[PDB]
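Structure first, commentary second.
Coordinate-derived values only; no laboratory data. Don't worry about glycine lacking a Cβ; one is built from the backbone with ideal geometry, like all the others, and counts go over all protein chains shown.
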Amino acid sequence: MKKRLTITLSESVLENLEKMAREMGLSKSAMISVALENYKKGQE
Amino acid sequence: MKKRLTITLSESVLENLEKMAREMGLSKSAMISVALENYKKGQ
Amino acid sequence: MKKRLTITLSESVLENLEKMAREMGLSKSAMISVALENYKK
Amino acid sequence: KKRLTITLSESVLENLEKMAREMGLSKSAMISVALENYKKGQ
Amino acid sequence: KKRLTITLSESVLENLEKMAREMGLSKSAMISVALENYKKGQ
Amino acid sequence: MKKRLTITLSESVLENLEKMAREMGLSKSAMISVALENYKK
Amino acid sequence: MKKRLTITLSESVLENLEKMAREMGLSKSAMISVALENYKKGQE
Amino acid sequence: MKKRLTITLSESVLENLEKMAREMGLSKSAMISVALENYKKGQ
Amino acid sequence: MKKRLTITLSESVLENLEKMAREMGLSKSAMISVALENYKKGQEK
Amino acid sequence: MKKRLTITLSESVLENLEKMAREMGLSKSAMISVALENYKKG
Amino acid sequence: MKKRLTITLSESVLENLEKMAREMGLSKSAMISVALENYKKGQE
Amino acid sequence: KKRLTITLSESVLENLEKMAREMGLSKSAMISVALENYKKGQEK
Amino acid sequence: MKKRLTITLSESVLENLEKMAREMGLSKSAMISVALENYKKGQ
Amino acid sequence: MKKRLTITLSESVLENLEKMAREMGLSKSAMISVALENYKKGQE
Amino acid sequence: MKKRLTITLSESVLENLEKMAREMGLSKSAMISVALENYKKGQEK
Amino acid sequence: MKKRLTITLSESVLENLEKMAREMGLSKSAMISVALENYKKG
Amino acid sequence: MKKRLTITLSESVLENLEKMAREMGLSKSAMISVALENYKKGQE
Amino acid sequence: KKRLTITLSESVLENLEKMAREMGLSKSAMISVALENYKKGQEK
Amino acid sequence: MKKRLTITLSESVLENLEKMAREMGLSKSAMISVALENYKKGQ
Amino acid sequence: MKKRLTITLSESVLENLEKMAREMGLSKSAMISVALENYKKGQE
DNA sequence: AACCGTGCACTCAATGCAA
DNA sequence: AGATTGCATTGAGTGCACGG
DNA sequence: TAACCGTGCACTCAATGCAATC
DNA sequence: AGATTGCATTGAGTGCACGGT
DNA sequence: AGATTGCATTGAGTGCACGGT
DNA sequence: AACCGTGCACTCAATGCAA
DNA sequence: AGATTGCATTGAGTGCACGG
DNA sequence: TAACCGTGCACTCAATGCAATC
DNA sequence: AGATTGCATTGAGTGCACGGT
DNA sequence: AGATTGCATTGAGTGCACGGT
């Protein structure tokens, strides 16, 4: 299914994330997943 | 700062993350951070 | 541009909503948006 | 009957009013429907 | 918004209120839905 | 016993209704009844 | 599909039909179809 | 009285009617009338 | 076409006929036809 | 009393009547009277 | 199985027969059977 | 003393023979009897 | 066997017999057979 | 002067006649007259 | 485990490093790791 | 000036670094400086 | 393909070489190639 | 007059030979030249 | 061929040569080859 | 008393030397002194 | 097409007569 | 002294099967 | 025999097809 | 869109009464 | 017998109940 | 694991000398 | 009266390949 | 040579797993 | 139902400075 | 920047806009 994990981010990055999530209407977890997916997509 | 937080991900994503991080010699957190900054640049 | 609007839902639905959104890591607005788009079949 | 205010992309919104109008439903109803219905898909 | 009054067997009626209640819809809405939906079956 | 009730429908729907009933040789009440029963799937 | 036809009934029968239809929420045509179907069903 | 009126039926029903009437040596109208009275008796 | 024939009935019968047909909204001929079908079918197979 | 009347029957029923009458040894009029009486009690 | 036979009757009886048959809408043969049958039921 | 021919159900016939034999009468007589009796019954 | 035998009767009776026999369309012999069987049945 | 007549009967009937005659102490002729008288009186 | 090593950098470089890492919210080591991967991959296949 | 600093690298990257350095005939520190500079302009 | 060769340098030059290599973080071999290459670009 | 051995890209090597041949110098000399020039360039 | 030949120079010049050659780590011969090629290139 | 020295050059270089010497009307020795002088003055 | 009306034929029932 | 029977006559009781 | 039955003369109204309007 | 009805046709439903059997 | 509506209330959506067909 | 440092070996470049 | 050359000496310029 | 590099001693804080509450 | 966070662990990220080449 | 709500209106369903997180 799906699991959980704990991380650490620079206040700046957290801030920005918090920002991006809020604006895209996503949870922090979501946003991250999206970024991840998108990041990888653009890697191969 | 250096803030902490906990997230929830799809095994798939998680595993891929695990993979990407391992490959680039980065921690999960770092890999996330890159992705993020990266994502933001290029939106 | 992004328009705002006020609506009313049965406590029942609201909750559901609240729940679905929570699970899919979506905001209530997003959740609705999604359901809407999806719903057009 | 709980109230709440949301935000939608004009595109979505218009589509909504459209759908609602066609099915002769209020926007709130239309939503309630879509929501309950989505509950049955993915 | 046209108005009209109808007649239903208690069984049907109750079922209705039920359905409406569950889907958080007015009876009129519930009906509108069923009607539009039926339009898509037989 | 047979209960009565008053409702409101968009001119659009009403007409449709009126039409469907007419075609199936049903009264507006019957038509609804039908759609209702049927609709519970 | 379905066709049309013209008939003649005794005022009494018409009356009653009109009555039965009204009460069952059917058109005269419907009612008749029902009666027919039902009648036949109970014939074989 | 002896009132007239026009109805609409499904080819199937119609044809069956045609059949039932023909069999019982009755006109469509009559066959209808029977059916009706019959139906009413037994509801 | 439609075959015709003439018969005789006890007033009693006749009257009943008149009545039965009247009630079911059928002609005497029809009424007779039904009765007959009905009769046979009830002594059918 | 005992009156007379003229009717019309479809060849099919007529013949059938003819048969029936002949088999039970009755007149067509009698045959019909029977049928009618019987029908009545049916 | 239906069988046949020839008999003799006194004009009077024959006549009466013809008469009763006529009135009751029966064949002479039928009339006789009725009579016979009814006669039989006679006892017991 | 007129003659005539009739048709009867084997059953009927059968019983006729029976009755006749029993009463020591001819079938013709037997019948006559039946008829006469039948008739007598339809009076005051 | 249809045995035969001869008897004697009161003119009165004979006549009556002739009468009844003629009325019921039976031979004197049969008329008699009838009466006899008849008389017997009632013991 | 008290008329004679010759007849024919079924052995059975005859038989029974002689029976009833013997038992009643009546001649065959008498027995018959009785029965006839009796038969008649009834009928009336 | 995680291998360690020490290096030397022109203040210029160093500073930029400090900056780049700071901005992307990564450690100097990470920053370096990325740069390297990035570098190679861009001179990859 | 020109300062020093201690870092940590995953065997995989390290070895890779080692290779790269050797191939281009540079020191690991140089190799890294290059990579960094390059990265910057990327 | 990478090839090898042995050369001779004046202590002075050798030293300087060693020095420039050191400062620029290059191998002597690399340093030389740079030099060579750069030297070449020299004309035109 | 110290000696030492190096490694060069065939390309580099190749051009070295070329330049040397052209300038009538040994590869060692050639290089010396290059180095010295390289250096001179990194001054005031 | 690495042809050989003998020349005569100003003590002054010779010394300078010795100098430059020693500075650039080249043989007098090579030093000379350099200068020559060099002089030529500028026509 | 105006020093002598013996050297070696690549046929090509020599060749060109004789060339330039001939054209400039200078002895090989002279030509060389010129080039050297020239080379130096430049460098400075 | 399924019964009925009747003439051709035959044998026994239905009675008158008398030793 | 009616009743049993053989001798004699012909009408009753039915089959059969062609026409209606 | 006298009483039913079979039909041809005679007439209305039922039994339906059509189709412009609602 | 089925349902109402007037226009139009002819066959169904019976009365009646001379011949027939 | 249900359907159609104007009066009326409160959270378009329904209850009520006098006329209609 | 891919370059570098050097001793064993060889031939020609790099010069001094002088007829 | 520098310059061409043969005669002589040994350090420059490189290969090769075992150890680091 | 003199200048870099490789590491072991030493310490903080990042990088995550857990899980009672919201 | 994921998201917040305090409790708890240890490995990641660097400073520093003696030997080495 | 969006979300949460009390004020306000009219045909529960929405618009508005001052505070919150």
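Is one or more of the residues making up region B:13-23 over 16 Å from O:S27 (Cα atoms), away from DNA strand V (no atom under 16 Å from the Cβ) and β-branched (V, I, T)? Lay out the reasoning, then the answer.
Of all residues in region B:13-23, those over 16 Å from O:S27 (Cα atoms) come to B:13-20, B:22-23.
After this cut, where a residue has to be away from DNA strand V (no atom under 16 Å from the Cβ) as well, the list is B:13-20, B:22-23.
Applying the additional criterion that residues be β-branched (V, I, T) yields B:13.
Checking region B:13-23: at least one residue is over 16 Å from O:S27 (Cα atoms), away from DNA strand V (no atom under 16 Å from the Cβ) and β-branched (V, I, T).
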Residues being within 18 Å of I:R4 (Cβ to Cβ), surrounded by fewer than 19 Cβ atoms within 10 Å (Cβ to Cβ) and more than 7 Å from every other protein chain (Cβ to nearest Cβ) - total across region J:14-41 | 2
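Going by the structure shown, is Q:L9 buried (at least 20 other Cβ atoms within 10 Å of the Cβ) and within 12 Å of DNA strand Z (Cβ to nearest atom)? So that I can check it myself, show each step before the final result.
Details: buried (at least 20 other Cβ atoms within 10 Å of the Cβ): yes; within 12 Å of DNA strand Z (Cβ to nearest atom): yes.
Yes: the conditions hold for Q:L9.
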Can you name the condition, by its number, that L:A20 falls short on among (1) within 7 Å of another protein chain (Cβ to nearest Cβ); (2) closer than 21 Å to M:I32 by Cβ?
-> (1)
Considering only chain E, state which residues are in contact with a strand residue (DSSP E or B) (Cβ under 7 Å, 6 or more places away or on another chain), within 14 Å of chain C (Cβ to nearest Cβ) and not small (G, A, S).
-> E:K27
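For every residue, the table says whether it meets (1) outside any helix (DSSP H, G or I); (2) touching a residue at least 12 places away in the same chain (Cβ under 8 Å); (3) within 16 Å of DNA strand AD (Cβ to nearest atom); (4) within 11 Å of the chain's Cα centre (by Cα).
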| site | (1), (2), (3), (4) |
| --- | --- |
| F:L5 | yes, no, no, no |
| F:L14 | no, no, yes, yes |
| F:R22 | no, no, no, yes |
| F:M31 | no, yes, no, yes |
Return only the number of the condition from (1) more than 13 Å from DNA strand U (Cβ to nearest atom); (2) in contact with a helix residue (DSSP H, G or I) (Cβ under 9 Å, 6 or more places away or on another chain); (3) not hydrophobic (A, V, I, L, M, F, W, C) that M:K41 does not satisfy.
-> (2)
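Take the residues in region T:4-17 that are farther than 30 Å from R:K39 by Cβ and not β-branched (V, I, T), then tell me which one is farthest from the other protein chains (Cβ to nearest Cβ).
To start, the set of residues in region T:4-17 that are farther than 30 Å from R:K39 by Cβ comprises T:4, T:6, T:11, T:15.
Within this subset, residues satisfying the condition of being not β-branched (V, I, T) are T:4, T:11, T:15.
Working: T:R4: 5, T:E11: 5, T:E15: 9 Å.
My answer is T:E15.
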Which members of chain J meet the condition of being in a loop (DSSP other than H, G, I, E, B) and touching a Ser or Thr at 6+ places or on another chain (Cβ under 7 Å)?
-> J:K2, J:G25
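In the list Q:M20, Q:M31, which residue meets the criterion of being crowded, with 18+ Cβ neighbours inside 10 Å, assigned to a helix (DSSP H, G or I) and more than 7 Å from every other protein chain (Cβ to nearest Cβ)? Before you say what the answer is, go through the steps one by one.
Values: Q:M20 fails: more than 7 Å from every other protein chain (Cβ to nearest Cβ).
The match here is Q:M31.
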Out of (1) out of contact with any helix residue (DSSP H, G or I) (no Cβ under 6 Å at 6 or more places or on another chain); (2) surrounded by 15 or more Cβ atoms within 10 Å (Cβ to Cβ); (3) farther than 15 Å from F:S10 by Cβ, the one E:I6 does not meet is (1)
Scanning region B:1-36 for residues that are more than 7 Å from chain A (Cβ to nearest Cβ), assigned to a helix (DSSP H, G or I) and more than 9 Å from the chain's Cα centre (by Cα), which turns out surrounded by the most Cβ atoms within 10 Å (Cβ to Cβ)?
-> B:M24
Kindly provide the set of residues from region B:7-43 that are β-branched (V, I, T) and either under 14 Å from A:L17 (Cβ atoms) or in contact (Cβ under 8 Å) with a residue 12 or more places away in the chain (or both), ordered by number.
-> B:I7, B:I32, B:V34
